[PDB]
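See structure below.
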DNA sequence: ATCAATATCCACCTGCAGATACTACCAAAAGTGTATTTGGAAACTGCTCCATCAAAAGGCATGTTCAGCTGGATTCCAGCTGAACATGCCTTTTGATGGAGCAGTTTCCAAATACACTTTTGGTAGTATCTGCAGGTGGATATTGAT
DNA sequence: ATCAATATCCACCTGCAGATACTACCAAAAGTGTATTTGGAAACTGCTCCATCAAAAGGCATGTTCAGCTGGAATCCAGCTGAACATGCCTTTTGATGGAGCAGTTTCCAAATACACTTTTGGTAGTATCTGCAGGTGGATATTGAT
Ligand SMILES: [Mn+2]
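Chains as they are written, first to last, in this note's numbering: chain A, 1 to 106; chain B, 107 to 215; chain C, 216 to 316; chain D, 317 to 415; chain E, 416 to 520; chain F, 521 to 623; chain G, 624 to 702; chain H, 703 to 789.
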C-alpha cells in the first residue's frame, strides 16, 4: 500500500520526499515532515481551487482559467498576502475605479 | 602546519573557515576548491572597500575612532553601496543631512 | 513510431491537482494555462517552506527538519486563518501516518 | 574553564587586520565592529545562497568557483561588481599556481 | 432659423475614458503589440550580449511580467494625482511612486 | 504684566533648527520604558509572561524607529507633492499603500 | 498607558529626523497606530523562533531573523 | 541567407495607444503629455534590469538562447516571482 | 542700515565609559598524504525548435482638426498650529541582589538512513473522438447627451 | 420629461483547437525489509544575566497663551487633453524549409569525499594600565529678528 492513502492524502509523500533530499536544505530528512508537507501543499491547492470555482461560476463558466484564479487570489484577504509579490500570466486585474474619477453635478 | 591557504592568496580572510562555513548551511553536496577563495577574496575586498570610505569619513569630523554614524555615512553617501543596502538598516546609523526644497524660509527659492 | 531519445522526465502535479480539483468542483474544468499557474502554486510554496525550514535548522544547529520545523515554517510564512487550518491539516495526516502499520 | 566556552567565532579580527592595509592608524568602536561582522555575514549568505540556487537550475551538485563569479555578477551592482569579479578571478589563479 | 449648434454625435471628454477603464480592466490580453515589443527584448539583449536567442515563450514573460509592472505602477500613479487632488497623471506622479516604492534614491 | 518686546523665535524656525539638530544626531528618540512597556504589552498576546534580552528590545527600538524615521521622509514628499508642507495623515495612508502595506 | 505612553513630542522628535517641518494634530495617533502593526508583525515573527528553540526569553537572534525575514534586515546584534 | 538588420530606437515600438491602454487598465482617466515618454524609459530600466539577469543565466549555463526558465529565475530573484511560464 | 538677543561653533580642560595589548589555557578548527568515489566535461549525434522568408490581408496606429473642462496661478482667510513658558510629574539610573532558566552536560533508545529487492505507476507517444468558448450575426433594452 | 444616436446585453448559432481519454510501453521512482548509526529528548544544576525595588534629581512633558499663516477654498482663464475623423502601414497570420545548438547516451579521468593522526592558533577568562573622546569652561560672533 502507498503512503498517501496511508496518511489519507492526494499528494505524493513519496515525490515530495525525493524533492527534500535532492533539494538540499539539510542532510537528514524527517519522516513526519514530508507527509506534513504534501498535506500542507494539498490544503492550499484546495483552498484556492474552491475559490476560483465560484469565480469561474460568477461569469457562468465551467473551466477554471487563470483569470478566475487571479480573481480568487486577489478577491481574498489571506491569499493576497501569500502572493503579494506574485504574478499570474493572463492575470487580469480586479475591476475597480477610484472615486474622484467619477463625474457628478451635471 | 606549514603555511596558510589565505597566504597562498595573500589575504586576511580565512580560506579555511570559508570552506567549512560553506558546508554548515548545506549549500551543495560538493565544493570546487576554487570557490572558498573566490568568495573570501570578494568578501575581503568588500569589507575593505567600506572601511576605506569609512576611514575616509573619519578625518572629516575630527575623530579617530570609527563609530556607526561613520559607517552609515560611508554607506549611504555612495551610490553603488546605497543600493546594495537599500534594504538594510545599520544599528544607530542615523540619517544623512537632507532638508527638502520647499521647506526653507521665505517661500521657495 | 515514437520514443526518440528519452527526454529527461518533466514531472508536475497536474494529476494531484486535478484529483483534488474534482473534489472541490465535480463539473468545473481547468485550462493548461489555468493549471499551469497552479503547478507553480505548489512549486512556489514548497521551496518557500523547505527554505524557511532549512533556516530554522541552522538557527538551532539542527541537522534534520522535523514536521515541527515545517509547522514553524508554515506558522511564519502562511498568514492568518490560512496558517491555523494548515497547521491542523498538517498534523491530521501526520497523525494518520504516525499511527499506522 | 572549558564549560561556558562555546565559541562565538567572528570575522572581527580579520576585519581589523584589513582595517589597516589602507588606514593603518585607525580605531573602530566595538559597536562599529559589530556592524562589520553583520556585513560580511550578510554578504556571505547572499552570494553563497545564490550560488547554492545556481546549482539545481542546471541540475548541479558541485559548487565550482564559476557559480560564485556568477552569484556575485548577479549580486553586485554596476562598477562595484567589475572589481570583485576581477579580485576573485585573481586569487583563484594564485592558489592554482600555489601548493 | 440659425440656433442649434451642429448635428453629429460626440461623447463628452472622458466618458470614453471611463468606458475604457471599465474595459481594459475587464480582461487580460497583453497590451502592447507583440512584434514591436519583441524587438525591444531582442535589442536590449543584443546590447548586453550578441549572437543570442529568445525562446518562443521567453519573450512572453518579459512582456507579461513587463505590463503587469506598469499597470500596477500606473495604479500607484493614478492614486498620486488623486492625492494631489487631480484626475491627470504627470510624470512626477510616477517618479513619486517610483520614489516611495524605493526605485531610485 | 509685560516684558517690553520679548524674544520669540518666530514659529517654524525652531522646527528647521531642530531638524538640523536631530538629523545629525544618532541616538534614539523615545524613552526606553514606554517602549519597553509597549514591547511587553503586545508580545504577551503570542506567548504569556516572557522575558526580553537586554539587547532585544533596542534592536526593535532601532528598527521600529528606523522604520518610522524613513516612513516620515516619504510622508513629507506626498504633502510637498500636494503643494503642502504639513504632513496630514492622508499622506501616511498613501505612503503605506505604495510600499505594500495597506495593499 | 503603553501605546498612549508614546509621547507626542517623541513622535515629533523622530519625525524631525525625517525632516518634518510641520506636524498635523492627527499624526500622533496614526504614528502609534502605524507603529503597532510594525511591532505586532515583528514580534509575532520573533517569538515564533523563541517557541521553537524552547525558550522563555526573547533572545537577540529571535529578532534579527524576524527583521531579516520581514525584509527589514538589521546589523550588529548577531553575536 | 542570414538577417540581423540594424536595431535601434524601438522604444517607440511601444506606441501611445498601447501605453495609454495600460493607463486604462490602471484605472487612469486623464493622461499628461510627458507621460508616454517618461513611461517608455521605465520600461527600459525594467527590461534593462530583468535581462542582464536572464542572460547572466543563459550566459552562464554556457547557453546561447534565453530559455523560459532563465527569465523567470531572473524575475523571482528580483522580487517579481511570476507564475505560469515554467519552474 | 541698526544692533539688542540668542544660539552656535573653535580651541582647551579633564575624567570614565570603553578600547588597547599581554598571559594562561585547552577541545576543536585546520591542514596534510592516502586510498578510493563519482560528478562532469567532451565528443558523436538525434531531434526539437527558432530564425526566416513567403503573401494575404486587415485592425489599429497616425496625425490633424476642433472644442469642453480641468489645471494653474489668483488672492484670500479663519482657525489650526508652533512658540514660549509655566511648572512637575515621571523617566533615568546605578546599585546590587532573588532566581529563573538558558546553557551545559553525559547519557541512551527511537529515529534517520544507506544499503539491495521489489512492484507498482505516472508520463509521454501516439492515436483517435468529443466538446467548451471565442466570435460572428442580429434583435431588445441601457446609457449618454442634445434638448 | 422626450428625441436622438452609439455602445452594449443577451441569447443564438458555427466551428475548431483545447481539453480530456484511450492504449501501450516502460523508466524511474516508491515502497518492504532489516541493518547501522546517530542526532537530539530528558532530566540535573551552574552561572551570566533578566526582573522590580531602593531613593534622590530634575529632564523631558504637558497644559498652557497668542498670533503667525498655511490649508482649502473659491474665481477666473488660458489651453491641453480627449473624441473623432480620415488613412494606411506594419502588425498579424500560416505555413514552409535549413539548420542551429540543444539534449541525451556513452566514456574516463581531475577533482573531491571519507578516514585517520599531528599542528597551529582564535575564543575564552582574567588583571592592568591605555586613551581618544564625550560632555563643562570661556569667548566670539554669525544666524535671527526686532528696530
Ligand atoms: Mn545594439
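For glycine and all other residues, C-beta sits at the position ideal for the given N, C-alpha and C.
Residue B:164 holds the alpha-carbon nearest to the alpha-carbon of residue 340 (chain D) among B:205, B:152, B:164 and B:178. The Cβ atoms of residue 748 (chain H) and residue 472 (chain E) do not sit closer than 8 Å to each other. Between the stretch 450-458 of chain E and the stretch 495-505 of chain E, the count of C-beta pairs closer than 8 Å stays below three; the two stretches do not touch. Membership of residue 329 (chain D) in the alpha helix (DSSP H) is indicated by the continuous run 328-336.
The beta-carbon of residue 756 (chain H) is placed no less than 8 Å from the nearest beta-carbon of chain D. Every residue whose Cβ sits closer than 7 Å to any heavy atom of ligand 1 is listed here in chain order: E:458, E:461, E:462, H:709 and H:710. A Cβ-Cβ separation of about 6 Å places residue 737 (chain H) in contact with residue 506 (chain E) under the 8 Å criterion. Chain C places no beta carbon closer than 8 Å to that of residue 14 (chain A), leaving this residue out of the contacts.
The stretch 751-759 of chain H and the stretch 776-788 of chain H touch, with no fewer than 3 CB-CB distances between them shorter than 8 Å. The beta carbons of residue 630 (chain G) and residue 537 (chain F) sit no closer together than 8 Å. Segment contact: the stretch 372-384 of chain D against the stretch 343-360 of chain D, fewer than three CB-CB distances shorter than 8 Å; contact not assigned.
For residue 326 (chain D), there are no C-beta contacts with chain B under 7 Å, since the nearest C-beta of that chain is about 10 Å from it.
Between residue 175 (chain B) and residue 192 (chain B), the beta carbon gap of about 19 Å keeps them out of contact (Cβ cut-off 8 Å).
Pairing residue 267 (chain C) with residue 78 (chain A) gives a Cβ-Cβ distance that is not under 8 Å.
When the beta-carbon positions are compared, residue 701 (chain G) and residue 684 (chain G) come within less than 8 Å of each other. Burial check for residue 124 (chain B): the Cβ neighbour count within 10 Å reaches 16 or more, so the residue is buried. In the DSSP assignment, residue 529 (chain F) forms no beta bridge with any residue. Just measuring C-alpha positions, the residue of B:108, B:115 and B:110 sitting nearest residue 411 (chain D) is B:115.
The beta carbon of residue 137 (chain B) sits closer than 8 Å to the beta carbons of 125, 128 and 129 from its chain, once the five residues preceding and following it are set aside; these are given in chain order. Inter-residue distance for residue 160 (chain B) and residue 543 (chain F) is about 19 Å (C-alpha atoms, whole angstroms).
Your pair residue 140 (chain B) and residue 380 (chain D) checks out as a contact, with CB atoms roughly 6 Å apart and the cut at 8 Å.
Annotated as proximal: residue 477 (chain E) and residue 752 (chain H), with beta-carbon spacing under 8 Å. DSSP, read as helix, strand or coil, puts residue 100 (chain A) in coil. Taking the Cα positions, residue 316 (chain C) is about 14 Å away from residue 308 (chain C). The CB of residue 193 (chain B) comes closer than 9 Å to the CB of 694, 695 and 696 in chain G, given here in chain order.
By the CB criterion at 8 Å, residue 88 (chain A) and residue 246 (chain C) fall outside the cutoff. The Cβ neighbour count for residue 230 (chain C), taken over all protein chains shown within 10 Å, is under 16; the residue is labelled exposed. Residue range 33-49 is occupied by the alpha helix (DSSP H) that includes residue 45 (chain A).
Contact note: residue 189 (chain B) reaches chain D through 393, using a C-beta cutoff of 7 Å and chain order.
Closest in C-alpha terms to residue 556 (chain F), from the list F:571, F:586 and F:566, comes F:571.
Its chain contains 595 as the residues whose beta carbon lies nearer than 6 Å to that of residue 612 (chain F), once the 5 sequence neighbours on both sides are disregarded; these appear in chain order.
Taking a Cβ-Cβ threshold of 7 Å, the residues of chain H close to residue 252 (chain C) are 785 and 786, in chain order. At a cut-off of 8 Å between beta-carbon atoms, residue 640 (chain G) makes contact with chain B.
Listed along the chain, the chain A residues whose CB falls inside 8 Å of the CB of residue 274 (chain C) amount to none; the nearest CB is some 12 Å away. At a cut-off of 8 Å between beta carbons, residue 89 (chain A) contacts chain E.
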